[PDB]
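In: I need the structure of the sequence given here:
(10 chains)
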Amino acid sequence: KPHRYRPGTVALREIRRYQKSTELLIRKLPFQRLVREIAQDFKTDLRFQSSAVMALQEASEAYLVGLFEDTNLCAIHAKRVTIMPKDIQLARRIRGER
Amino acid sequence: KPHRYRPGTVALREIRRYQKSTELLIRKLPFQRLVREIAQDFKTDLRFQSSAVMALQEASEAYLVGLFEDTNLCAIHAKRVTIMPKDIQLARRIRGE
Amino acid sequence: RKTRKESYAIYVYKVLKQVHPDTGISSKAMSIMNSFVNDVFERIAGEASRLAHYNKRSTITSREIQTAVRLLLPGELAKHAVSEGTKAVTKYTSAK
Amino acid sequence: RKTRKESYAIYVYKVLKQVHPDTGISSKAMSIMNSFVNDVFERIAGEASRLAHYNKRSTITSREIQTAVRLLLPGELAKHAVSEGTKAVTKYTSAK
Amino acid sequence: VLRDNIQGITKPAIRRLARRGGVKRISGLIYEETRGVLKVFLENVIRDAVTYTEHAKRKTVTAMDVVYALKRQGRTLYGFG
Amino acid sequence: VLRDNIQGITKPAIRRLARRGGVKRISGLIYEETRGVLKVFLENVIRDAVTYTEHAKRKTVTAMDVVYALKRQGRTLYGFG
Amino acid sequence: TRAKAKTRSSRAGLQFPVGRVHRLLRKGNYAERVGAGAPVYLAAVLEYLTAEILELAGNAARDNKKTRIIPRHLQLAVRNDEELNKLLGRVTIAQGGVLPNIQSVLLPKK
Amino acid sequence: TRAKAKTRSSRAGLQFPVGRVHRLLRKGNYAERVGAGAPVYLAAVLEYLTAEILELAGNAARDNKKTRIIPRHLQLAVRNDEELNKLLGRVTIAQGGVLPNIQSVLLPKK
DNA sequence: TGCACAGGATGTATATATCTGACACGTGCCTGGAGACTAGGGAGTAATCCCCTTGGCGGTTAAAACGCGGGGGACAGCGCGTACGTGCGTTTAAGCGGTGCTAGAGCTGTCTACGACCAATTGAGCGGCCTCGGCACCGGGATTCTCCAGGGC
DNA sequence: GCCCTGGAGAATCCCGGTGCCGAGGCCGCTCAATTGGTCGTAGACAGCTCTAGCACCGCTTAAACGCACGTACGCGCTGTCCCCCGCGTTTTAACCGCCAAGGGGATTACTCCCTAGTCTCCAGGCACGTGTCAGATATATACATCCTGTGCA
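Out: Numbering: from 1, shown residues only, chains lettered A, B, ... in the order given. Sure, structure below:
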């Protein structure tokens, strides 16, 4: 009796919404903490420009979005609609990163 | 009863042989004619160096072999053992061509 | 007073006012366009440098730039770019 | 006679006699090694040139070569190359 | 020192990235894989950026360093310098 | 004037390439698709090589021109110069 | 006495700076010498490319019902024009988003 | 009088030509000035890389019962070493072939 | 009666003998590298300013997390029919070797027009400033799409 | 029992009104581009040699081509179940604004050391010539591999 959308309607809705928007999708403070942690291993007491952290975020998001596009293509080639770690790995091996 | 090998034994044998060898696998005169025909559309009365055509052939074989490796990977991803035009197209799409 | 920085912003604005008179641009978009002009400059100039070295020449000329444009641009863009550059050089030679 | 062409063949042969005293090399393999040395030279020199331009300097120095080696080589290759280059520069400064 | 910061990239964030990528259904094992891939990419870029910063004799990593590292990796970014 | 020279690549040669690539079974449409792919690649490289030849004011394409074109496309070739 | 100064950009009919391009060519370690027509050719080519991108971006902004061009409009122009997509295929545009694209197998079965 | 000439390569302890590398750096349009230790460092690095590749290729030739290195042995060395493969990941070696790799699903079932 | 085995056939690795042509060395010469020196500017160093990075605190919500119910998609199993592999006989050019010819690459000598270099002058382009309208946000009403309950065929 | 359809209901679109902050224009000044002239060399140009790319022929034979058969494999279908999705509630920590302190980037003046530029001198590296041994090829042999007919536990 309570309203329920079927499994996939809301997912298509989110696809349209986030393909229409342009804003960053990860949280800024957690991403910054991750970047500082990764940089610890390369040099100690490093300082970061805010624009530097923002540029890193934009690059990482663009990379991940393109990777997920290729992953979806691989999954569809396997006659699936669910993306899987093997789809990610096949995309990275065809791109030439592993 | 004449001897026959099963369908795939000779194919694996050919795989091992041609992965052991280093020679060029396309015929040189047909490749040269193809190269001259393609260059014909960019300039007339063009002359070629033997080393130019040989370099072109080496690059073309290297490209096709790498593409076929990626195609086999895609076909295996699709739970097949036969490579297909869809596999070639997907490989080229993920490569960026 | 802050030190002087150079950008292609005023020229980008001039070209924008030529093609779309009632249209403007934001600061981020101007930054992107400045980056685009710099990138294209570096690509063309590096290719011309390599061509001059390949031919054992000491000078970068209009024909080096033309060949670099033909090598770097995709097709119709290349032929229209060649037309524009040839026209500009002819007009410059006619003037002075 | 023909005009002289420089190559790295005699130096590659010297290193081959250092590492494998009883092994020879064919002319095609020597061509490949010549191409490899020219490629690595061009890569490192270009990275150093870009570093100097980025930092607003007119001189390519050992600092630029070390940084370019770090950028262009993967891991242990970079570590050992940096060790070798520092050794050579120290020996040169000791000598003259 | 900082620890466990890869978990600040959360499942809903990976879902939003996948939706922008056009993904309808996501497997539960995707999130750890994406965390590993992101860590690899970030490590490469940050290594190159810190190398640039050290050559300049600076203690602060700048947007120009990030842009140079991305350009070295063939991932040119517009709009930061 | 040359015509009908892409058919000289022939099915057995494409099959030999696919064997060196490590494949076991081949479809019938693969041969035509591979002919098209090879033609595209050759057109790109030969166009660039003729551009280099025309810049040098030469009527002969050289191994150097081919190497420079392949290096322009990120496909460096060792062993010809 | 000395004549009135004209810019080489005005002599060539361009809105891009010929003299600045010449200085950048001379100080960029490209060759030992730079010809006189090379900066003219290069400035003309840069102007043409800029005009192409700006025209397409302004069209996209008009479609969005905006007067100001933004990075979203720049990205839409680039990714929708095929030759500019080939030229800039390896470039990332900050705050540019992606094109709307859903694969037809994911759409509800109708 | 002037002394007997020593080469900078012998001063550095190297088998690679320091002065030739210096001349190439000077005529290559990389910067306005070249320091004294830059060719020394560059020649040392080039020698080290050549030594690594030649060592692996000589080992590969020894496994073949040959005394001369050939392009096939060079390719085997490069493709079997992980860091060298990363360094030469988009280079084609003429007459080198491929590595012997067959996928496991294509092998016959026991 | 479905799963080892024997044995036959086929392909492949191994050892030995001939032969040739390409590698490795020696020689002569020339041109590019080394030695010695001068002059000038790039960069190292010190000192100083002020921007911007970091760190902390508190309140407000948006967003993440956690659990739950159920539908739909992944995956395994089965059957069919066709498309590809394997082998055989016929046909077609490929490769190889000769010869002959000439176009064009490569090099040399001459000389002139073009680009570096320099000094002096000025206006275009940049920084700082100030203002207004394009856009972001809000709220309310209209339209569209999704889903299910219910009834006709 | 299956397909169509009308209402709910949720989401999106559209419209109208407000506030604000960033684009756009203005103004002063200073640094870089322009002007006019000189000079020395790179490149345009003509001439000439000789290499190599093209063209033709004839023969041998490897490789392509066409065909027939059968068998694995691609593909479609069906059924199970479990895992991911949509939704509702609770909890966390992002986020925003504000404040304060100090590190470190950015600039400037100064001086010295390093590097370019020149000239002379010569030895190291390139081209050429020659000989001998590693590798390619034949050939016969021994061994590993595959496939099926056969028997039984």
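In: ok, residue 35 - contacts?
Out: You didn't say which chain, so I picked chain A. A:48, A:53, A:56, E:42, E:46 (C-beta atoms under 8 Å, 6 or more residues apart in numbering or on different chains). In short, each C-beta sits where N, CA and C put it, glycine included.
In: you looked at the wrong chain, it should be chain C
Out: Neighbouring residues of residue C:35 by C-beta under 8 Å, 6+ apart: E:78, E:79, E:80, E:81.
In: Next up, phi/psi of the first one, please.
Out: Going back to what we said before, that points to residue E:78. Main-chain dihedrals, residue E:78, degrees, to the nearest 10: phi -100, psi 150.
In: Let me see the ranges of the strands in the chain.
Out: Since you didn't name a chain, this refers to chain A. For chain A, strands defined by DSSP state E occupy the ranges A:47-48, A:82-83.
In: that answer is for a different chain, and I need it for chain C
Out: Using DSSP E, strands in chain C cover C:24-25, C:59-60.
In: From chain A, how far off is the nearest residue to residue C:7 once chain neighbours are set aside?
Out: In space, and not counting its chain neighbours, residue C:7 is closest to residue C:34: 5.0 Å by C-beta to C-beta, 6 or more residues apart in numbering or on different chains. According to C-beta to the nearest C-beta, to the nearest Å, residue C:34 and chain A sit 15 Å apart.
In: I'd like to know which of the strands of chain C lies nearest to chain F.
Out: When the strands of chain C are compared by C-beta to the nearest C-beta, strand C:59-60 sits nearest chain F, at 12.6 Å.
In: List the neighbouring strands of that closest one plus their orientation.
Out: Strand C:59-60 sits in its sheet next to strand G:33-34 (parallel), going by DSSP bridges.
In: close to DNA strand J, is the strand it pairs with?
Out: Yes - where contact is defined by C-beta under 7 Å from any atom of the strand, part of strand G:33-34 touches DNA strand J, namely residue G:33.
In: and what of stretch G:63-72?
Out: Yes - judged by C-beta under 7 Å from any atom of the strand, stretch G:63-72 and DNA strand J are in contact via residue G:68.
In: neighbouring contacts of that stretch?
Out: By C-beta under 8 Å, 6+ apart, the surrounding residues in contact with stretch G:63-72 are A:22, C:16, C:22-26, C:28-29, C:32, E:79, G:54, G:57-58, G:60-61, G:73, G:93-97.
In: how about a cut-off of 10 Å?
Out: A:20-22, C:16, C:20, C:22-26, C:28-33, E:78-79, G:53-54, G:57-58, G:60-61, G:73, G:76-77, G:93-97 (C-beta atoms under 10 Å, 6 or more residues apart in numbering or on different chains).
In: circling back to that earlier point, using TSV, please lay out the strands of chain C together with distance to residue E:34 and mean neighbour count.
Out: TSV is the format used below for the strands of chain C (distance: least, C-beta to C-beta, whole Å; neighbours: other C-beta atoms under 10 Å in any protein chain shown):
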stretch	distance to residue E:34	mean neighbour count
strand C:24-25	36	20
strand C:59-60	47	18
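In: of these, which approaches residue D:54 most closely?
Out: When those are compared by C-beta to C-beta, strand C:59-60 sits nearest residue D:54, at 22.1 Å.
In: Tell me who's in contact with the spatially most central residue of chain A.
Out: Nearest to the mean C-alpha position of chain A, by C-alpha atoms, centre = their mean, lies residue A:64 at 3.8 Å. Residues in contact with residue A:64, defined by C-beta under 10 Å, 6+ apart, are A:25-26, E:9, E:13-14, E:17-18, E:20-21, E:34, E:37-38, E:41.
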